[PDB]
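Chemist: Next comes the structure file my_file-v4.csv, holding CSV, C-alpha atoms and all ligand atoms.
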```
chain,number,residue,atom,x,y,z
H,1,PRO,CA,98.1,74.4,77.4
H,2,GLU,CA,99.8,77.7,76.4
H,3,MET,CA,102.0,78.5,79.3
H,4,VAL,CA,104.0,81.8,79.7
H,5,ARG,CA,106.6,82.3,82.5
H,6,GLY,CA,105.0,79.6,84.7
H,7,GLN,CA,101.4,80.8,84.2
H,8,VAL,CA,98.9,78.8,82.1
H,9,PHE,CA,96.6,81.0,80.0
H,10,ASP,CA,93.4,79.1,79.5
H,11,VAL,CA,92.3,81.3,76.6
H,12,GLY,CA,92.1,79.3,73.4
H,13,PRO,CA,90.9,78.4,70.9
H,14,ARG,CA,89.7,82.0,70.2
H,15,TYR,CA,93.0,83.6,71.4
H,16,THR,CA,96.3,82.0,70.7
H,17,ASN,CA,100.0,82.8,70.1
H,18,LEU,CA,100.7,84.3,73.6
H,19,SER,CA,103.8,86.4,74.4
H,20,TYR,CA,104.8,87.9,77.7
H,21,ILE,CA,104.4,91.6,78.5
H,22,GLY,CA,104.6,91.7,82.3
H,23,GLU,CA,103.3,90.4,85.6
H,24,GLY,CA,101.9,91.8,88.8
H,25,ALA,CA,101.1,90.8,92.4
H,26,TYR,CA,98.2,88.5,91.3
H,27,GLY,CA,98.2,88.1,87.5
H,28,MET,CA,100.0,88.4,84.2
H,29,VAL,CA,99.7,90.2,80.9
H,30,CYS,CA,100.5,88.7,77.5
H,31,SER,CA,99.9,89.7,73.9
H,32,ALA,CA,97.9,87.2,71.8
H,33,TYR,CA,96.0,86.9,68.5
H,34,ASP,CA,92.1,87.1,68.3
H,35,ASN,CA,90.9,84.6,65.6
H,36,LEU,CA,87.2,85.6,65.9
H,37,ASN,CA,88.0,89.3,65.2
H,38,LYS,CA,91.5,88.9,63.6
H,39,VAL,CA,93.3,91.5,65.7
H,40,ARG,CA,96.4,91.5,68.1
H,41,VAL,CA,95.2,91.8,71.7
H,42,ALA,CA,96.5,92.1,75.2
H,43,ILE,CA,95.1,89.8,77.8
H,44,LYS,CA,95.3,90.3,81.5
H,45,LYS,CA,95.0,87.1,83.6
H,46,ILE,CA,94.2,87.7,87.2
H,47,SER,CA,93.8,85.2,90.1
H,48,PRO,CA,92.4,87.2,92.9
H,49,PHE,CA,90.0,84.9,94.7
H,50,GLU,CA,92.0,83.7,97.6
H,51,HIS,CA,92.4,87.3,98.8
H,52,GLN,CA,89.8,89.9,99.7
H,53,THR,CA,91.7,93.0,98.5
H,54,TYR,CA,92.6,91.5,95.2
H,55,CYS,CA,88.9,90.6,94.8
H,56,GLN,CA,88.0,94.3,95.6
H,57,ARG,CA,90.4,95.6,93.1
H,58,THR,CA,89.2,93.1,90.5
H,59,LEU,CA,85.5,94.0,90.9
H,60,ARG,CA,86.4,97.7,90.7
H,61,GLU,CA,88.5,97.0,87.5
H,62,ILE,CA,85.6,95.2,85.9
H,63,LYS,CA,82.9,97.7,86.8
H,64,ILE,CA,85.0,100.6,85.6
H,65,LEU,CA,85.9,98.9,82.4
H,66,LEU,CA,82.3,98.0,81.6
H,67,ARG,CA,81.1,101.6,82.0
H,68,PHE,CA,84.0,103.4,80.4
H,69,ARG,CA,84.4,104.0,76.8
H,70,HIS,CA,86.7,106.7,75.7
H,71,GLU,CA,89.3,107.1,72.9
H,72,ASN,CA,92.0,107.9,75.5
H,73,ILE,CA,91.3,105.1,77.9
H,74,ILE,CA,92.2,101.4,77.1
H,75,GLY,CA,88.9,99.6,76.2
H,76,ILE,CA,87.6,96.2,77.1
H,77,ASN,CA,87.0,93.6,74.3
H,78,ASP,CA,86.0,90.4,76.3
H,79,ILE,CA,86.1,88.7,79.6
H,80,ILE,CA,86.9,85.0,79.8
H,81,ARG,CA,86.1,83.0,82.9
H,82,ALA,CA,84.6,79.5,83.6
H,83,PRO,CA,80.9,78.6,83.0
H,84,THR,CA,80.5,77.7,86.7
H,85,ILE,CA,81.3,79.8,89.7
H,86,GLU,CA,83.1,76.9,91.6
H,87,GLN,CA,85.2,76.3,88.4
H,88,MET,CA,86.1,80.0,88.1
H,89,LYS,CA,89.5,80.6,89.6
H,90,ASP,CA,91.1,82.9,86.9
H,91,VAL,CA,89.6,85.8,84.9
H,92,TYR,CA,91.1,87.1,81.7
H,93,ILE,CA,90.4,90.6,80.6
H,94,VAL,CA,91.0,91.3,76.9
H,95,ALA,CA,91.7,94.7,75.3
H,96,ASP,CA,93.3,95.8,72.0
H,97,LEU,CA,97.1,95.7,72.0
H,98,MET,CA,98.9,99.1,71.8
H,99,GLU,CA,102.4,99.1,70.2
H,100,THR,CA,104.3,100.9,72.9
H,101,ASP,CA,104.1,103.3,75.9
H,102,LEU,CA,105.4,106.6,77.2
H,103,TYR,CA,107.9,104.8,79.6
H,104,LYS,CA,109.6,103.1,76.6
H,105,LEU,CA,109.4,106.2,74.3
H,106,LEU,CA,111.1,108.3,77.0
H,107,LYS,CA,114.2,106.0,77.0
H,108,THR,CA,114.9,106.5,73.3
H,109,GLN,CA,113.8,110.1,72.6
H,110,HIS,CA,113.9,113.6,73.9
H,111,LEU,CA,110.4,114.7,73.0
H,112,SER,CA,109.6,117.8,71.0
H,113,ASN,CA,107.4,120.5,72.5
H,114,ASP,CA,104.8,119.6,69.8
H,115,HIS,CA,104.7,115.9,71.0
H,116,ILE,CA,104.7,116.8,74.7
H,117,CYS,CA,101.7,119.1,74.1
H,118,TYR,CA,99.6,116.5,72.2
H,119,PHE,CA,100.4,113.7,74.7
H,120,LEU,CA,99.5,116.0,77.6
H,121,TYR,CA,96.2,117.0,75.9
H,122,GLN,CA,95.2,113.3,75.5
H,123,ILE,CA,96.2,112.5,79.1
H,124,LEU,CA,94.0,115.3,80.3
H,125,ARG,CA,91.1,114.5,77.9
H,126,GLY,CA,91.0,110.9,79.2
H,127,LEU,CA,91.4,112.0,82.8
H,128,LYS,CA,88.5,114.5,82.4
H,129,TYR,CA,86.2,111.5,81.7
H,130,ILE,CA,87.6,109.4,84.6
H,131,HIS,CA,87.2,112.3,87.0
H,132,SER,CA,83.7,113.2,85.7
H,133,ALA,CA,82.7,109.6,86.6
H,134,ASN,CA,84.0,110.4,90.1
H,135,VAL,CA,86.7,107.7,89.7
H,136,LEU,CA,90.3,108.3,90.8
H,137,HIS,CA,93.1,106.7,88.7
H,138,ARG,CA,95.6,106.7,91.7
H,139,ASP,CA,98.6,105.5,89.8
H,140,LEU,CA,99.3,107.6,86.7
H,141,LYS,CA,102.9,107.2,85.5
H,142,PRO,CA,104.6,106.7,82.0
H,143,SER,CA,104.2,102.9,82.0
H,144,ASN,CA,100.4,103.5,82.3
H,145,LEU,CA,100.3,105.6,79.1
H,146,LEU,CA,100.0,103.5,75.9
H,147,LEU,CA,101.0,104.9,72.5
H,148,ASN,CA,100.9,103.8,68.9
H,149,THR,CA,102.8,105.0,65.9
H,150,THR,CA,100.4,107.9,65.2
H,151,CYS,CA,100.8,109.5,68.6
H,152,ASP,CA,97.4,108.2,69.9
H,153,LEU,CA,97.6,107.9,73.7
H,154,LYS,CA,95.5,105.7,76.0
H,155,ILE,CA,95.4,105.6,79.8
H,156,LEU,CA,96.0,102.2,81.4
H,157,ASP,CA,96.0,100.7,84.9
H,158,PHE,CA,98.3,97.8,84.6
H,159,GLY,CA,97.4,96.8,88.2
H,160,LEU,CA,99.0,95.9,91.5
H,161,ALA,CA,102.7,95.3,91.0
H,162,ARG,CA,104.9,92.4,92.1
H,163,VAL,CA,106.7,92.4,95.4
H,164,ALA,CA,109.8,94.6,95.0
H,165,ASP,CA,112.7,92.9,96.7
H,166,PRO,CA,114.7,95.4,98.9
H,167,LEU,CA,114.8,99.4,87.1
H,168,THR,CA,112.2,97.4,85.1
H,169,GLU,CA,108.9,98.7,83.7
H,170,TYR,CA,106.0,97.5,85.8
H,171,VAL,CA,107.4,97.9,89.4
H,172,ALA,CA,105.5,100.0,92.0
H,173,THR,CA,107.2,103.3,92.0
H,174,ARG,CA,106.5,106.3,94.2
H,175,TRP,CA,107.9,109.0,92.0
H,176,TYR,CA,104.5,110.2,90.8
H,177,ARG,CA,102.7,110.2,94.2
H,178,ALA,CA,101.4,113.5,95.6
H,179,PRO,CA,102.9,114.7,98.8
H,180,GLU,CA,99.6,114.4,100.7
H,181,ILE,CA,99.9,110.6,100.1
H,182,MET,CA,103.4,110.6,101.4
H,183,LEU,CA,102.2,112.8,104.4
H,184,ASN,CA,98.7,111.5,105.2
H,185,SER,CA,96.8,108.3,105.4
H,186,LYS,CA,93.9,108.5,102.9
H,187,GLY,CA,91.9,111.7,102.7
H,188,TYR,CA,92.8,111.6,98.9
H,189,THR,CA,91.2,113.5,96.0
H,190,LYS,CA,91.2,114.0,92.2
H,191,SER,CA,94.1,116.4,92.9
H,192,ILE,CA,96.5,113.5,93.4
H,193,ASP,CA,95.9,112.5,89.8
H,194,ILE,CA,96.8,116.0,88.7
H,195,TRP,CA,100.1,116.0,90.7
H,196,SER,CA,100.9,112.7,88.9
H,197,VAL,CA,100.3,114.4,85.5
H,198,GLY,CA,102.5,117.3,86.6
H,199,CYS,CA,105.3,114.7,87.3
H,200,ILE,CA,104.8,113.1,83.9
H,201,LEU,CA,104.9,116.5,82.1
H,202,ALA,CA,108.2,117.4,84.0
H,203,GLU,CA,109.7,114.1,82.9
H,204,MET,CA,108.6,114.7,79.3
H,205,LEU,CA,110.4,118.1,79.4
H,206,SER,CA,113.6,116.5,80.6
H,207,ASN,CA,115.3,113.1,80.4
H,208,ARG,CA,114.4,111.9,83.9
H,209,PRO,CA,111.8,111.7,86.6
H,210,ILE,CA,111.6,114.9,88.5
H,211,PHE,CA,111.1,113.5,92.0
H,212,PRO,CA,113.0,110.3,92.4
H,213,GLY,CA,114.6,109.1,95.7
H,214,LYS,CA,114.9,105.9,97.7
H,215,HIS,CA,112.5,106.9,100.5
H,216,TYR,CA,109.6,109.3,100.9
H,217,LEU,CA,111.9,111.6,102.8
H,218,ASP,CA,114.4,111.8,99.9
H,219,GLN,CA,111.5,112.6,97.6
H,220,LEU,CA,110.0,115.2,99.8
H,221,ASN,CA,113.5,116.8,100.0
H,222,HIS,CA,113.7,116.9,96.2
H,223,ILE,CA,110.1,118.3,96.1
H,224,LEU,CA,111.0,121.0,98.7
H,225,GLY,CA,114.3,121.7,96.8
H,226,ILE,CA,112.3,122.8,93.8
H,227,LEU,CA,109.0,124.2,95.2
H,228,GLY,CA,110.7,125.8,98.2
H,229,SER,CA,109.6,125.3,101.8
H,230,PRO,CA,105.8,125.2,102.3
H,231,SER,CA,104.2,128.5,103.3
H,232,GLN,CA,102.4,128.6,106.6
H,233,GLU,CA,99.2,128.2,104.6
H,234,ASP,CA,100.5,125.1,102.9
H,235,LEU,CA,101.6,123.6,106.3
H,236,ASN,CA,98.0,124.1,107.5
H,237,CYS,CA,96.6,122.1,104.5
H,238,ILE,CA,98.6,119.1,105.8
H,239,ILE,CA,95.9,117.3,107.9
H,240,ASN,CA,98.1,114.7,109.7
H,241,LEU,CA,99.8,116.7,112.5
H,242,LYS,CA,102.6,114.2,112.9
H,243,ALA,CA,103.5,114.8,109.2
H,244,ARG,CA,103.1,118.6,109.6
H,245,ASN,CA,105.5,118.7,112.6
H,246,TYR,CA,108.1,116.9,110.5
H,247,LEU,CA,108.1,119.4,107.5
H,248,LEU,CA,108.1,122.0,110.1
H,249,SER,CA,111.4,120.6,111.3
H,250,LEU,CA,113.3,120.9,108.0
H,251,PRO,CA,115.8,123.6,106.9
H,252,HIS,CA,114.3,126.3,104.8
H,253,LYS,CA,114.7,125.7,101.0
H,254,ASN,CA,114.2,128.5,98.5
H,255,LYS,CA,112.0,128.0,95.4
H,256,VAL,CA,113.8,127.2,92.2
H,257,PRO,CA,111.8,128.7,89.3
H,258,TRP,CA,110.8,126.2,86.6
H,259,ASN,CA,112.4,128.1,83.8
H,260,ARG,CA,115.8,127.6,85.7
H,261,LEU,CA,115.2,123.8,85.6
H,262,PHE,CA,113.9,123.6,82.1
H,263,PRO,CA,115.6,126.6,80.3
H,264,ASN,CA,114.4,125.5,76.9
H,265,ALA,CA,110.8,124.6,77.7
H,266,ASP,CA,107.8,126.4,76.3
H,267,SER,CA,106.8,129.1,78.9
H,268,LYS,CA,103.1,128.1,78.6
H,269,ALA,CA,104.0,124.5,79.4
H,270,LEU,CA,105.9,125.7,82.5
H,271,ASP,CA,103.0,127.9,83.6
H,272,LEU,CA,100.8,124.8,83.4
H,273,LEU,CA,103.4,122.5,85.1
H,274,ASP,CA,103.6,125.0,88.0
H,275,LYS,CA,99.8,124.8,88.5
H,276,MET,CA,99.9,121.0,88.5
H,277,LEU,CA,102.9,120.7,90.9
H,278,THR,CA,101.4,122.9,93.6
H,279,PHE,CA,101.9,121.6,97.1
H,280,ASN,CA,98.5,122.5,98.4
H,281,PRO,CA,96.0,120.1,96.9
H,282,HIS,CA,93.1,122.6,97.1
H,283,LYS,CA,95.0,125.1,95.0
H,284,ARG,CA,96.1,122.5,92.5
H,285,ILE,CA,94.6,123.0,89.0
H,286,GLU,CA,91.6,120.8,88.2
H,287,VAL,CA,91.4,118.7,85.0
H,288,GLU,CA,88.9,121.0,83.2
H,289,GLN,CA,90.9,124.1,84.0
H,290,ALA,CA,94.0,122.3,82.7
H,291,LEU,CA,92.4,121.5,79.3
H,292,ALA,CA,91.5,125.2,79.0
H,293,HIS,CA,95.0,126.3,79.7
H,294,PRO,CA,96.7,128.3,76.9
H,295,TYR,CA,99.3,125.5,76.5
H,296,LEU,CA,96.6,123.2,75.1
H,297,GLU,CA,94.9,125.8,72.9
H,298,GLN,CA,95.7,123.9,69.6
H,299,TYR,CA,93.6,121.0,70.7
H,300,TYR,CA,91.1,122.3,73.3
H,301,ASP,CA,87.5,121.6,72.2
H,302,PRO,CA,85.1,120.9,75.1
H,303,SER,CA,82.3,119.8,72.7
H,304,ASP,CA,84.7,116.9,71.9
H,305,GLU,CA,85.9,116.2,75.4
H,306,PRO,CA,83.3,113.7,76.7
H,307,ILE,CA,82.1,113.4,80.3
H,308,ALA,CA,80.8,110.1,81.7
H,309,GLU,CA,77.0,109.6,81.4
H,310,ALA,CA,77.0,107.1,84.3
H,311,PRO,CA,79.1,108.4,87.3
H,312,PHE,CA,79.7,106.1,90.3
H,313,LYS,CA,78.7,107.0,93.8
H,314,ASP,CA,83.6,95.6,103.7
H,315,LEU,CA,82.6,92.5,101.8
H,316,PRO,CA,84.0,88.9,102.1
H,317,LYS,CA,86.0,87.5,99.2
H,318,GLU,CA,83.4,84.8,98.7
H,319,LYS,CA,80.7,87.5,98.2
H,320,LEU,CA,83.0,89.5,96.0
H,321,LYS,CA,83.4,86.4,93.9
H,322,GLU,CA,79.6,86.2,93.4
H,323,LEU,CA,79.5,89.9,92.3
H,324,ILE,CA,82.4,89.3,89.9
H,325,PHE,CA,80.6,86.3,88.4
H,326,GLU,CA,77.5,88.4,87.8
H,327,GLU,CA,79.4,91.4,86.3
H,328,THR,CA,81.2,89.0,83.9
H,329,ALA,CA,78.0,87.1,82.9
H,330,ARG,CA,77.4,89.3,79.8
H,331,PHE,CA,80.5,87.9,78.0
H,332,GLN,CA,79.4,84.3,78.4
H,333,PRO,CA,78.4,82.5,75.2
H,334,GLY,CA,74.8,81.6,76.3
H,335,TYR,CA,73.7,85.2,76.9
M,1,LIG,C1,94.7,93.7,78.9
M,1,LIG,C2,94.3,94.6,79.9
M,1,LIG,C3,93.2,94.4,80.7
M,1,LIG,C4,92.8,95.3,81.6
M,1,LIG,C5,93.5,96.4,81.8
M,1,LIG,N1,93.0,97.3,82.8
M,1,LIG,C6,93.1,98.7,82.8
M,1,LIG,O1,93.8,99.2,82.0
M,1,LIG,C7,92.4,99.4,83.8
M,1,LIG,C8,92.0,99.0,85.0
M,1,LIG,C9,91.4,99.8,86.0
M,1,LIG,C10,91.1,101.1,85.7
M,1,LIG,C11,91.5,101.7,84.5
M,1,LIG,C12,91.2,103.1,84.1
M,1,LIG,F1,92.3,103.6,83.6
M,1,LIG,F2,90.9,103.8,85.2
M,1,LIG,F3,90.3,103.3,83.3
M,1,LIG,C13,92.1,100.8,83.5
M,1,LIG,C14,94.6,96.7,81.0
M,1,LIG,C15,95.1,95.8,80.1
M,1,LIG,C16,96.2,96.1,79.3
M,1,LIG,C17,97.5,95.9,79.9
M,1,LIG,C18,98.7,96.1,79.2
M,1,LIG,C19,98.6,96.5,77.8
M,1,LIG,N2,99.8,96.7,77.1
M,1,LIG,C20,99.7,97.0,75.8
M,1,LIG,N3,100.8,97.2,75.1
M,1,LIG,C21,102.1,97.0,75.7
M,1,LIG,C22,102.7,98.2,76.3
M,1,LIG,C23,103.2,97.7,75.0
M,1,LIG,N4,98.5,97.2,75.2
M,1,LIG,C24,97.3,97.0,75.9
M,1,LIG,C25,97.4,96.6,77.2
M,1,LIG,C26,96.2,96.4,77.9
```
Using structure tokens, write down the structure that the file contains.
Modeler:
Amino acid sequence: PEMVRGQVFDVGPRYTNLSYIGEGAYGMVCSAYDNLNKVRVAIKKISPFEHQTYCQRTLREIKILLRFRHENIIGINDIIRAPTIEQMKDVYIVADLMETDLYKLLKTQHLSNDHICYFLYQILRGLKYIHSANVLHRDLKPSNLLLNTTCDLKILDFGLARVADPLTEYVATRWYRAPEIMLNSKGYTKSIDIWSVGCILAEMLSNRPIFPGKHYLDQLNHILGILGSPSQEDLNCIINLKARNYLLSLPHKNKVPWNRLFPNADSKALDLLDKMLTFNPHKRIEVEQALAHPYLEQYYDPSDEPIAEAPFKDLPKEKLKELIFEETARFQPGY
């Protein structure tokens, strides 16, 4: 009965008063009220079952969210789906509503060094847990960082974005992607997530994304314009030879030091930024090393930076539906 921008949300009576937040390739997110627990929530409706890849992404989302519990990662409240597998065509994942996000905050505010520092700390604390579980986030960016009024930050994965027709918040954007993704089909690592954080830190230090551009080649040109042309050593770390020939073909660009781009930035912040935005993924700083960096010394406390107790280590969509039915069973009434 409640319908929001053409999507029915079969979610009452417990949850009511829906309001649109955004949509993606196969689902939609609204705010809503929880009457059982008397709290504002967010609810992600997804309809993945006709397509194999959406089913894979959905199973992965569910398994991760069941296992994960961390103060800097969005947490699951409930999963609503039909009592019968044949009847189940939509799944709704419920989590607590956060007031705002970094993407919105960056539009209205130049952030102080103190705020940058605390936000970066929480990003890294949350990411330490994700990475300790041997999970890759793969799409860190400001729209995927929730905030509230007291500067608490929570990592999100909003999910696969809507077709972009060749400016708004939930589009797929490439600005935070590591160069090895641009340059290679997947041999991807934790390191890509650290590059993304580097890009987010650079953006906090300024008023704009550091590596924009319409195509990969425009971005790579911006990247090379700041980092300088790759050393021979860096060229050798590029595994796809077609891509390595191409960088090899470009004019030499000199390195622009970070303190020339951000003349007013904290020098410790810039030292950490440099270590995150390193072209060679093997030399890129790892999440635990980043937490221990002098920039974060006000907050660093490994005894209070949890690791996951339960690390992770082909299928037809119909089979993936079964698996999804099983994983959601715990939230059914009769359990
Ligand atoms: C409702 C909901 C359900 C599921 C998810 N899923 C995840 O965040 C997710 C999925 C896969 C992996 C991971 C992660 F990060 F690796 F742990 C997270 C997010 C949400 C979600 C989406 C948007 C939200 N927006 C807000 N606030 C609006 C920005 C103002 N608050 C809570 C939200 C919560």
Chemist: Would you list the contacts of range 266-279 of chain H as a list in words, taking every protein, DNA or RNA residue within 8 Å and counting only C-alpha atoms, but skipping same-chain residues closer than 4 positions in sequence?
Modeler: residues 113, 117, 179, 194, 195, 197, 198, 199, 201, 202, 227, 230, 234, 258, 259, 283, 284, 285, 290, 293, 294 and 295 of chain H
Chemist: Which of these, H:204, H:308, H:261, H:238, has the shortest distance to ligand LIG 1 (chain M) once you count all atoms listed in the file?
Modeler: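 Result for the nearest residue to ligand LIG 1 (chain M): H:308.
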Chemist: Restricting the calculation to all atoms listed in the file, which member of H:188, H:312, H:129, H:158 is positioned closest to residue 57 in chain H?
Modeler: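 Nearest candidate to residue 57 in chain H out of H:188, H:312, H:129, H:158: H:158.
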Chemist: Which is closer to residue 241 in chain H than all the others in H:185, H:282, H:124, H:333, using all atoms listed in the file?
Modeler: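 Among the listed residues, the smallest separation from residue 241 in chain H belongs to H:185.
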Chemist: Within 6 Å of ligand LIG 1 (chain M), which residues of chain H show up? Give each one with its shortest atom-to-atom distance in Å (one decimal) and the two atoms involved, counting only C-alpha atoms and all ligand atoms, rows by chain then rising residue number, as a Markdown table.
Modeler:
```
| residue | atom | partner | partner_atom | distance |
| --- | --- | --- | --- | --- |
| H:42 | CA | M:LIG1 | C1 | 4.4 |
| H:43 | CA | M:LIG1 | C1 | 4.1 |
| H:44 | CA | M:LIG1 | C1 | 4.3 |
| H:61 | CA | M:LIG1 | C9 | 4.3 |
| H:73 | CA | M:LIG1 | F3 | 5.8 |
| H:74 | CA | M:LIG1 | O1 | 5.6 |
| H:93 | CA | M:LIG1 | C3 | 4.7 |
| H:94 | CA | M:LIG1 | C1 | 4.8 |
| H:95 | CA | M:LIG1 | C1 | 4.8 |
| H:96 | CA | M:LIG1 | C24 | 5.7 |
| H:97 | CA | M:LIG1 | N4 | 3.8 |
| H:98 | CA | M:LIG1 | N4 | 3.9 |
| H:99 | CA | M:LIG1 | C23 | 5.1 |
| H:100 | CA | M:LIG1 | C23 | 4.0 |
| H:101 | CA | M:LIG1 | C22 | 5.3 |
| H:137 | CA | M:LIG1 | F2 | 5.0 |
| H:146 | CA | M:LIG1 | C22 | 6.0 |
| H:155 | CA | M:LIG1 | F1 | 5.3 |
| H:156 | CA | M:LIG1 | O1 | 3.8 |
| H:157 | CA | M:LIG1 | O1 | 3.9 |
| H:158 | CA | M:LIG1 | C17 | 5.1 |
```
Chemist: Can you tell me, as a ChimeraX atom specification, what residues are no more than 10 Å from residue 219 in chain H when counting all atoms listed in the file, ignoring any on the same chain fewer than 2 positions away?
Modeler: /H:174-175,177,179,182,210-217,221-225
Chemist: Between CA of residue 12 in chain H and CA of residue 34 in chain H, what is the distance, to one decimal in Å?
Modeler: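 A separation of 9.3 Å between them.
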Chemist: Rank nothing, just name the residue among H:229, H:236, H:206, H:332 nearest to residue 111 in chain H, using all atoms listed in the file.
Modeler: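 Closest to residue 111 in chain H of all the choices is H:206.
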Chemist: When distances are computed from all atoms listed in the file, which of H:69, H:233, H:131, H:186 shows the smallest separation from residue 154 in chain H?
Modeler: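 Smallest distance to residue 154 in chain H is found for H:69.
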Chemist: In Å, rounded to a single decimal, give me how far CA of residue 296 in chain H is from CA of residue 190 in chain H.
Modeler: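 Interatomic distance, CA of residue 190 in chain H to CA of residue 296 in chain H: 20.2 Å.
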Chemist: Using only C-alpha atoms, which residue out of H:87, H:315, H:287, H:168 lies closest to residue 107 in chain H?
Modeler: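 Distance minimum relative to residue 107 in chain H lands on H:168.
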Chemist: Could the centre and edge lengths of an axis-aligned box, enclosing all atoms of range 231-236 of chain H in the file with 6 Å extra on each side, be given in Å to one decimal as JSON?
Modeler:
```
{"center_x": 101.1, "center_y": 126.1, "center_z": 105.2, "size_x": 18.2, "size_y": 17.0, "size_z": 16.6}
```
